[PDB]
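Below is the structure I would like to discuss, written out as structure tokens.
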Amino acid sequence: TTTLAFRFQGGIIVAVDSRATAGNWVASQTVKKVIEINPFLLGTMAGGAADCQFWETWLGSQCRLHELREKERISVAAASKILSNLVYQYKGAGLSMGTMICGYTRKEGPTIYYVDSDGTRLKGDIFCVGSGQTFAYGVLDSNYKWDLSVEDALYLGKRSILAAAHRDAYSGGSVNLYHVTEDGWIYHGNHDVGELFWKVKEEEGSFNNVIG
Amino acid sequence: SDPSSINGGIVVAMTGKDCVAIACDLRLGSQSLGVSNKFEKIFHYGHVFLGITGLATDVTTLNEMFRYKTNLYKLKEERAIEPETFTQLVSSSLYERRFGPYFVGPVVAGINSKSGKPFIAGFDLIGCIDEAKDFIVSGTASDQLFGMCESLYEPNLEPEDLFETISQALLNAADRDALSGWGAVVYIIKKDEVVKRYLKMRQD
Amino acid sequence: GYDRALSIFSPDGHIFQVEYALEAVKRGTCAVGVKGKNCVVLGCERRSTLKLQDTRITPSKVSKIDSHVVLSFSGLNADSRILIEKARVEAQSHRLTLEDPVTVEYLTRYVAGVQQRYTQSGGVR
Amino acid sequence: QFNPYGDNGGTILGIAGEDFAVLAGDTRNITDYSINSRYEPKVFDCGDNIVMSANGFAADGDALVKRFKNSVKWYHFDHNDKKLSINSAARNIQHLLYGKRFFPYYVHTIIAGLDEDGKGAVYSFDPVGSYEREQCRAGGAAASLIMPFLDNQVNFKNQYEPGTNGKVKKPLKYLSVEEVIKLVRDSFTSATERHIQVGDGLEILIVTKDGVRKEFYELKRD
Amino acid sequence: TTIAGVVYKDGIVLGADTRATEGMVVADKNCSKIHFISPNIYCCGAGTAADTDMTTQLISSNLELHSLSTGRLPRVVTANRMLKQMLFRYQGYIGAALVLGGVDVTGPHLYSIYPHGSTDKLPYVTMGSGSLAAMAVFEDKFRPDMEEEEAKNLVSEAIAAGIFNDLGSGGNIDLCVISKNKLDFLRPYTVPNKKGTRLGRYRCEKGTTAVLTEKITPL
Amino acid sequence: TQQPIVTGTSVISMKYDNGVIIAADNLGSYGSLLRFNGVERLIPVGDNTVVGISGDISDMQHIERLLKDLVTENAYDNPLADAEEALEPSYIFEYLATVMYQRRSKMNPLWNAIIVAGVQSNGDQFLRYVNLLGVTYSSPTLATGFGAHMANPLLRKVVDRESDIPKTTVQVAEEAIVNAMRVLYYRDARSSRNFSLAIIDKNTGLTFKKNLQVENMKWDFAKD
Amino acid sequence: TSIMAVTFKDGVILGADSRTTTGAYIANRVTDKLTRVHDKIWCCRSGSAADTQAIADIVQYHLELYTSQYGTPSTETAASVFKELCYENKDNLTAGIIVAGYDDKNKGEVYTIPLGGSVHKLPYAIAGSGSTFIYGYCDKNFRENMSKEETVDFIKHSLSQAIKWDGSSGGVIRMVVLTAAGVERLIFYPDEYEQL
Amino acid sequence: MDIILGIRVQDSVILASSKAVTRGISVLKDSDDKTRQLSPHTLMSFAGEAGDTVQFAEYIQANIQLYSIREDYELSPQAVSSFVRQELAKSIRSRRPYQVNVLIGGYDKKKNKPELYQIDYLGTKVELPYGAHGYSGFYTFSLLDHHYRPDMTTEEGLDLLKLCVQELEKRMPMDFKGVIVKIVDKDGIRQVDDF
Amino acid sequence: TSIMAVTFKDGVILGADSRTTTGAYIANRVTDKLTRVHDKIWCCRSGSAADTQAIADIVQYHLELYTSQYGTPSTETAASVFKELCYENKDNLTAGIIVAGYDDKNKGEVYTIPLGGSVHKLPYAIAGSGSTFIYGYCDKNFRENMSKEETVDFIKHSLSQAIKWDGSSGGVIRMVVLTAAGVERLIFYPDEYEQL
Amino acid sequence: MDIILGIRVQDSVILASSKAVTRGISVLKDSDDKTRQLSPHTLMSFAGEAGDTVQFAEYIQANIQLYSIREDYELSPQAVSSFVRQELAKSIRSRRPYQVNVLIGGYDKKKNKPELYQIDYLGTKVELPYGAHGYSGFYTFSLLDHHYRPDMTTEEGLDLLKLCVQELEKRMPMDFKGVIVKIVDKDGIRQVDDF
């Protein structure tokens, strides 16, 4: 698994791979690792697939109840804290979760919280979680600026997952992109890593080590 | 922890009409980390081809060991070793480390120079010989290869038909294994020509 | 536990225990609230039947629920403390979970909900 | 020490067509190297044009299927005989599975049917309720022998158009019900040849707008 | 694996299945499990295959050298001893489980050899994962001093029981009939399952595979 | 979680044209000690069902009491208790299966393997297995423990698939069952010579045979 | 396993059941556990089949080489060779052996060698898993200087009970009679001894 | 979390707490504030098990803020520290204990004195002139034992603290990504933004 | 421990040794293991002393309360109460109990309840560590409808052998005779039973 | 030891190796050179178990120096790497295996080519354009995969190496105290004294 999310001028970019493995066996290459909590909030899947799916879908239910009761969009702070407080009750029972809760509101602006199954809740600008996280971080840290365009930020997220998909055995399949704005997230397609690798190699001149 | 799946990779061998084919992926890794995309697993001693999967240090060591032994064989016998004879040499050599074995999956492929008969064989890490006429598989995607080979394979394929069969068997098996891929090579072997083809595949 | 339905309907569709609670409010000292353009003022009556009072330590009529919200009341003083405590606890619980202080409307809705609950729960007035 | 889990073997396969879906499974039930039965049905019609199989530990499998069938029955009672859509069935099964997150149903569940647009649908679940809509999914013992073949033959993976040499992919043309059944039968024939736990019989349930049909085929008994 | 042997009126009948496995996968569907020891003695093997293959080959070689020196046919007891003493010395670490049958100057003999180095001398025996299925057939129908074709059918019927009822056993049935006057090595004696027929041809057309580079070297 | 103490070995069974046969020996073992020699492990329920139980004997005795209570309970306010609303084999099985799976799910299993043999109202043969894990399955022949490994291979030669059931008479089926019991006595170290056998036929009803013995035993080849 | 050796007036008789188990599976129901190490020195074997066979073969070799050099060994000598092997390799062996033999000078003698490799000369000895169930019976019913027929009955009745109660014992009751007259083998089938 | 230091000088308490948050292989953040304001003149830093640290700190904060509103009064640092100790002492025999260590730096407005309390996850409370949790004391205490004076100014306290952090940066194997420093005095709590 | 109960013509007799050990130390050499739960319903106790005493006291209470309401309980009823306690608490108990009693209607009855909490009605029963050594003896020597004197001899001889071979058994042989005539206690000392 | 990196450019091989030596609690040294010159145009860096690393490196050095004197000839980098691999492959089935990972950077004077060999403690040899041992590759390989060209100059190789070390200093939890960098080319081996 490789998942990332980062804050920038134009909101948030979320990018994930698509691979799921049981040991060395590749179970699926078509896993949806971005959970669409609601039209304005996104979450990322790492650790336990069920734990992430179940509890972030549940989170969407809690966010919906909040806005019915309070007649106002839930803050990313409040939404993330509902999830972190829930998993904290289950601490010790064996939940497995490493997620980025991503949203863009008026009062906060673009906001990302890293939430985690041992209770951690961290606000931050750049997060990378999964077996291929270290590979993605390298590309992110050396190319990240606040003043990136939406086009360039989308590519940077795509390229960073590709880096991890190449090197990490347990990351691959395809890349799913999202752009989170104040008016909601926008899906920017599924991109096969096989086809993407060769396309990027040629156009960028990278991966000279690999014969194409 | 498991020595046979630290580095990853696969080998497959097949028989056809007056020919054999042997193929392997090019990956070497340290568990999750991909390390090399140029780690070939097929070697040859004269006209006998040997593929080896498993622990990469043992792959290299055994190649060096069989080069050593087949070189001395040739000097003494005044002829190149044959696939049937070599198969027994591999088995013997593996079993002499019965209680401290090499963690490998060897596969032999070749055509007997005198009879013209296509030959393929496989072994377990301690030398038990799997002697089958259709196909031999080995590595971390051996299950996947068994599945591909059982449904794609048919007997008496012409060299270029056999190339397509073994290539598709390798490629699609490798793509369902985290620890295999990163390139692939296919040898098409006839009685007095050998064609080596590198395949284009996904690099994740 | 004591389960007795004290707040019930009468033939004319009235809940007398709720209506008699309003009579306790009528007896209480007068409280007034006026909002300006950029402020709110809470005025409260102190009955001068009680002199020799220590005004330093006597419970004041206006209570802070948080640093930004206040509550005043008319009626039973002892009863008001229970609503004030619950409201103060809820104000801190709201800050803890939502990471934002209560709106005035939210705090009101909570207090009003506690008051309602005590009109259709067994064993309570 | 008492081990509450066991392994009854078995292999299942779900494929979603354009206007149909199939869910197949072998009829062999085993423990270790013994055969318990050569014909123990594993794929079930659950009503509302939904077929289900929960492969792995058969006791947990039977329990889950029984609870889901009951969930369909109560859905009708509680919501004015409304048809349970395949997507709604899938989410309901997630909650059934996740309810036992800390003492799981030791099964790999697959359901099949038609979505609300009449198009073929397959959903696949892990033991604790994570799920996804899929085109093609094998489960159980010989899944690793079947899926690579399906990648190649259904989705035309690693196949390119002759003459172009890797430049143009083979196009993804739609398969008929007859074509899918051929692939299912040959997938199980190959799995039977190479996996000891696979054999005896193959039972396929086919779902269309007309309803649920069954087909049965003999498999090798050794 | 299901391997078995019986003693009949004129000699020994040995039987074996042909399935070889890797885990739960079948690596070879037609593996020969009946092994030559000497011209009058054969071995059926189960257990760790490399061990069985190597242990039988070694004892066969040593018996050959013994027989060259003595100038007479080797005996089954000497094959039994040599196997037994070696297996005992290695304390079960060589997982060779054998059915040893042959015909001597002293007549026909049948042994079962276990990995730890114990042996049993019996009129009928079974070994491997299919032993119980095979033994059920023997307990049901074995009698001493059977005629050849009767004994052949019983052994075949015993191996079949293992093939069908044991997941670890499968494939064809192989026999070896040993008597003073002959040695019949019947491979395969029976084919109880047809290979599954495939309905489609999934073999790709030429040029389907994407090739980076090619090289041709003649010989 | 416990461990089985006093135990019963194989229960074997099969279907034939008009009904079912089930059998089990009369031994209650205490480890290697052959402690109790008069234990009945086939327990009839009405005149249409026989439940054969292997494994822990204390748990068997508990199950025996549950089945006795089930018959009592079914008779309550039931004018058709001996007719249309009598207990069916399928009812008795489903109950036991529910109990077995519930008990495993509380990590406190009934340490048994059970085979319910009977004939339904419509004349259909019933034969189904359930064990300590709640695992269930049906087959033309069923057997527990050793029986699975040695009896099934013999019984399957008589009824190999569903279509062989109408071709199998009660004489052929009983012979096979009795022959299988002999083989188990030769080869199971926790078996006994003495056994019980029960036939449930759609025409002749329930025949319960006690105090049977394994006979026609071949030992003579031992002397050589 | 149920094994015993009993001295009587004319010599000694060894007795044994024929059951060999792998867990609950009877791997051999017609096993011969009475094994010959010399003409009139035999032994009963219990424990690991591999160990007791290996030991017995080594002993037979030792006594054969003894005989070539020094003539017929005593039963005591045979027991000593068994003991030497069992004691010195106690860590790697699981062998409970009873040694019985007939001299003309000493007549019938019985030596039991339990797990530790100690030696105990006795009028009679019992061993194997099934022996536990007949300590009471054998102690009450053994007499010295019994006849051949009495000793056959004593062994038959004893092992009958051992077989009845021990699941690890069963099959036929084999016996070997050792007297001046020679070596006689006896066998008794289930239908005979079960009705006793 | 890793390093938390505390020093009580003449007229203030200074708390220094590391900025790194490491989850196994990677450093996820390098600007984390391991502190909560409990009341206007009382600051609590913390370090221990992931999740439990923040959960505990915020829980304490909520309770002290509740007390402040109810009584319209700020509890003394001693009172807050005793409350905190009791909560940790209660925790240690629980089903799942809070694995959290704290320093409480407060200015007592009644006594006009700075106060530093050190409390470990067992509920072991001590009042100190300077304190630390984990391995932080092993490196720093020899320097504090040498240089510390009770009459130090706030500026002298910060300099002695710089020397402690330098020693930590030299001899500790872990990169803790520097420290956020906060001062607690009569005027309240403020952060030193350049350190 | 060596315990047994044997039905005979006039009723039933319970028998037991008197040795209680902590490892190899004899903590009580004169233990009474024959315990009264009702006038003519007694039991023999083996296993954990704490468990079997606790159980027996609970049973005595149950049967006392039964008697107050419904009159004299049957021996079967007594066994059932023992079984209920032993089966339902099998995980936390180590108790092997033989229940023996005399009705006028049913006469002498013996029920054995082994470790699992199963019940087995038998003509006679043996239990305890020492019982293993007398399975052979007891099976050969038991007859139905023996006299009082014959049954006393059978129990005396049986437990004598159990004591001789089992280190965990010893001391005096206690017996309790249950007939229409009443309840008779018997004791037999080492000097008497060792010479048998 | 911790981080060892290697990069083969157009005309040289550059090895970068960390300076820290940590013994559990304390950093004992911050200037340790984790390298040995095997021959004038062949350099070996190393990392693994304490003691075994230096013992192995010096043992290899001694053997190559012996070969050089006996034959009056410098072995090719390929030959030295094969010798090293065999010694490690021999070691892995020993009574006590050398737990040592190495990079061999050499300039082949016959072929006029730089060569980089990566060998782990099992004897797993690979020739690479760039390599690393332990966790170092996890952080750095994505950068090298992006930027690396076979025709890079030595100065461009050092810049790409700086970027790799910066990423390591940002995301690695351990303070490895910077790196000593050495260049291997046709003229021999030299150390970059400012990095």
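A few comments on the model shown:
The chains carry the letters A, B, C, D, E, F, G, H, I and J, assigned in the order they are written, with residues numbered from 1 in each.
The criterion applied here is as follows: contacts are C-beta pairs under 8 Å (C-beta built on N, C-alpha and C of every residue); 3 or more make two chains touch, one makes a residue touch a chain.
Per UniProt, the chains are A = Proteasome subunit beta type-5; B = Proteasome subunit beta type-3; D = Proteasome subunit beta type-6; E, F = Proteasome subunit beta type-7; G, I = Proteasome subunit beta type-1; H, J = Proteasome subunit beta type-4.
When each chain is reduced to the average of its Cα atoms, J sits farthest from chain I. Per the C-alpha superposition, chain H sits rotated 180 degrees relative to chain J, a value rounded to a multiple of 5. Relative to the whole-protein C-alpha centroid, the nearest chain centroid is that of D. Per-chain Cα centroids separate chain F from chain I by 34 Å.
With centres set at the average Cα position, the gap from chain D to chain G is 62 Å. Chain centres here are Cα means. That of chain A falls 73 Å from that of chain I.
Those residues of chain A in touch with two or more other chains are numbered 25, 134, 137, 166-167, 207, 209, 211-212.
In chain H, the residues that reach two or more other chains under the touch definition are 25-26. Annotation for chain D: residues touching 2 or more other chains are 34-35, 144-145, 149, 152, 158-159, 166, 186, 190, 193-194. Those residues of chain D lying in contact with chain F across their complex are 1-2, 4-6, 8, 29, 31, 34-40, 57-59, 62-63, 103. Every residue of chain F that touches chain I in the complex is listed here, in rising order: 1-2, 4-6, 28, 30, 33, 35-36, 39, 56-62.
The part of chain A that touches chain B in the complex is made up of residues 19, 21, 24-26, 131-132, 165-173, 193-194, 197-198, 207, 209-212.
On chain A, the positions that touch chain C within their shared complex are 70, 75, 77-78, 81-82, 85.
Those residues of chain E lying in contact with chain G across their complex are 84-85, 88, 91-92, 114, 116-120, 122, 132.
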